[PDB]
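Peer 1: Sequence first, structure after, both from an experimental entry:
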Amino acid sequence: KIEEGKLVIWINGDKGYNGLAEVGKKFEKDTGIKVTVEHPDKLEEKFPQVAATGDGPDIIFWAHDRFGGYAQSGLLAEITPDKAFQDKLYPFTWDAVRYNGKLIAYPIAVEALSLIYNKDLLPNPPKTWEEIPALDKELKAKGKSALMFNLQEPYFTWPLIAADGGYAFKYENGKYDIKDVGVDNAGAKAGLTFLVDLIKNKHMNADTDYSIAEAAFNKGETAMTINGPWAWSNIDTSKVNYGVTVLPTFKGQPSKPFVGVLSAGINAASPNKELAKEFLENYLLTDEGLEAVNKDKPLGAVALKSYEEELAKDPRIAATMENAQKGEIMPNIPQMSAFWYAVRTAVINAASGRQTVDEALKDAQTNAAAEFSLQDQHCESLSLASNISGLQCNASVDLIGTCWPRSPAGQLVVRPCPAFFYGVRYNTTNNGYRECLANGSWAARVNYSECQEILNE
Ligand SMILES: OC[C@H]1O[C@H](O[C@H]2[C@H](O)[C@@H](O)[C@@H](O)O[C@@H]2CO)[C@H](O)[C@@H](O)[C@@H]1O
């Protein structure tokens, strides 16, 4: 458990943490409270793993789209800023952090991906995606490359996939339809087909991650990169003469990046709740506070009206806003992470040719919509027919495909042993045993010691 009398904050390592550290350093010699800022790898997934065990940081910075999930697991306190404080920020940023009626975080900044290009290597930037393959074949000559960006994270490839009709969840009569998923329609299919083709013809390498693309652009090896306002800082230091511009169109349609609002949540387990509120409202979300972070790594447009009034003239902020305009603010519904993971997997499996586009994307449809396997359905039909009173274990299938049907609590359940002729599973004459516990959980212990064939296999 986190201790009382300090503040532990987590932010992504691509953001201006050292800028945030100074705000906490100003906070420290003002109230007398130690603020230590960290930036763990895989933060957005690490937070729920530590939190639910009452162990996270006090405050957490991530784009708003993950917050609905956190809120549903009960990891976030609901924030209580007065009407005076709410007026200091843009209404739409508040919408982004509003979940099931309640405000669940403080909005900080509006992020959108932009096309970044090298002016010395590329006077005029391409307007269409279709002309980049033609462009890279010219840059073959001078040992340079047209375009590299993070192909590991579907945030970067989504703008292309969304362009021609692909979407996450259908919005419908003031709500998202979590079963209606635009991940393998004609539009999404086209977009990825096009991406996959850039790698086949060797215009990009499927193993290109964030820091590979970053290093390539900033040293002058590549002509373009796709990135957000945080990236700018290092590019300045590099002294590369760069432009920030509207993302290329695909099939005459604009790229549609998913816009994120950087946001700060309060750990529901954290005792230091008022102290956390004290920090964000009075120290971070201020001209000074936000300026300090922005200097370190640019935030984009900021949620605080007053300080946004300052940054507005920056042509690069304009470009961010032009792209954000073409795209959309992400939903914050708890299914967003199932969506992201689906697309993350689709893109990588296709990127490496483990799957075709259509296989990769039909899988993504499955994944994103939280749909039931055939195996799931088969197993659930095993008890539906006969009725039990009281606590029950839900049907589930274990990692060797044994179906443990819905069963009464506190009972031993007997199922046929698995065996496999090559890929073909079948059931033997022997049995495996598993207890359904008094509390409706399946026991971790599964006795397979009589399963003669599988032991031999
Ligand atoms: O790649 C999917 C990923 O995209 C977004 O994460 C962004 C984040 O919002 C940006 O601020 C920046 O740090 O880059 C991240 C991409 O690595 C979503 O916010 C996130 O939920 C999603 O998984």
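Peer 2: All right, it came through fine. Numbers count the residues shown, from 1 in each chain.

Peer 1: How many residues are close by residue 80?
Peer 2: If you count neighbours by other C-beta atoms under 10 Å, residue 80 ends up with 13. Placement of C-beta: from N, CA and C, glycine included.

Peer 1: ok, it touching residue 277?
Peer 2: Yes - counting by C-beta atoms under 8 Å, residue 80 does reach residue 277; the two are 7.1 Å apart.

Peer 1: Just the C-alpha atoms of the longest strand belonging to the chain, please, in CSV.
Peer 2: Longest strand of the chain, by residue count under DSSP state E: strand 424-436. Once non-C-alpha atoms are left out, strand 424-436 reads as follows in CSV (Å, rounded to 0.1, in the frame of the first residue of the first chain):
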residue,chain,number,x,y,z
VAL,A,424,-7.5,-33.2,-33.7
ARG,A,425,-8.8,-33.2,-30.1
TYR,A,426,-11.0,-36.0,-28.9
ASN,A,427,-12.3,-37.4,-25.6
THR,A,428,-11.1,-40.6,-24.0
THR,A,429,-12.7,-43.2,-21.7
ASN,A,430,-10.9,-41.7,-18.7
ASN,A,431,-11.8,-38.7,-16.6
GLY,A,432,-10.3,-35.5,-15.2
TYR,A,433,-11.7,-34.0,-12.0
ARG,A,434,-12.2,-30.4,-10.8
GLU,A,435,-13.9,-29.0,-7.8
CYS,A,436,-16.4,-26.2,-8.1
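
Peer 1: Does anything pack onto it? Which helices or strands?
Peer 2: strand 411-421, strand 442-447, helix 452-456 (3 or more C-beta pairs under 8 Å, 6 or more residues apart in numbering; DSSP states H and E).

Peer 1: okay if I get these as a markdown table plus distance to the ligand and mean neighbour count?
Peer 2: Below are those laid out as a markdown table (distance: least, C-beta to the nearest ligand atom, whole Å; neighbours: other C-beta atoms under 10 Å):
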| stretch | distance to the ligand | mean neighbour count |
| --- | --- | --- |
| strand 411-421 | 35 | 15 |
| strand 442-447 | 30 | 14 |
| helix 452-456 | 38 | 12 |
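
Peer 1: I'd like these written out as JSON lines, with distance to residue 427 added.
Peer 2: Formatted as JSON lines, the helices and strands packed on strand 424-436 follow (distance: least, C-beta to C-beta, whole Å):
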{"stretch": "strand 411-421", "distance to residue 427": "4"}
{"stretch": "strand 442-447", "distance to residue 427": "15"}
{"stretch": "helix 452-456", "distance to residue 427": "10"}
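
Peer 1: What is the neighbour count of residue 52?
Peer 2: With other C-beta under 10 Å as criterion, residue 52 counts 15.

Peer 1: That one contacts residue 73, correct?
Peer 2: Yes - counting by C-beta under 8 Å, residue 52 touches residue 73, with 6.2 Å between them.

Peer 1: so where do the strands sit in the stretch 201-350 of the chain?
Peer 2: Along the stretch 201-350 of the chain, counting by DSSP state E, counting those that start in this stretch, strands occupy 222-227, 242-245, 249-250, 253-254, 258-266, 301-302, 328-329.

Peer 1: out of those strands, which comes closest to the ligand?
Peer 2: strand 258-266 (4.0 Å; C-beta to the nearest ligand atom).

Peer 1: what helices or strands is that closest one leaning on?
Peer 2: Partner elements for strand 258-266 (3+ C-beta pairs under 8 Å, 6+ apart): strand 59-63, helix 67-73, helix 91-96, strand 106-111, helix 154-162, helix 273-279, strand 328-329.

Peer 1: Pull out the buried residues from the first one.
Peer 2: For strand 59-63, the buried set under the neighbour-count rule, 16 or more other C-beta atoms under 10 Å, comprises 59, 60, 61, 62, 63.

Peer 1: check contacts around residue 170.
Peer 2: 176, 177, 180, 181, 182 (C-beta atoms under 8 Å, 6 or more residues apart in numbering).
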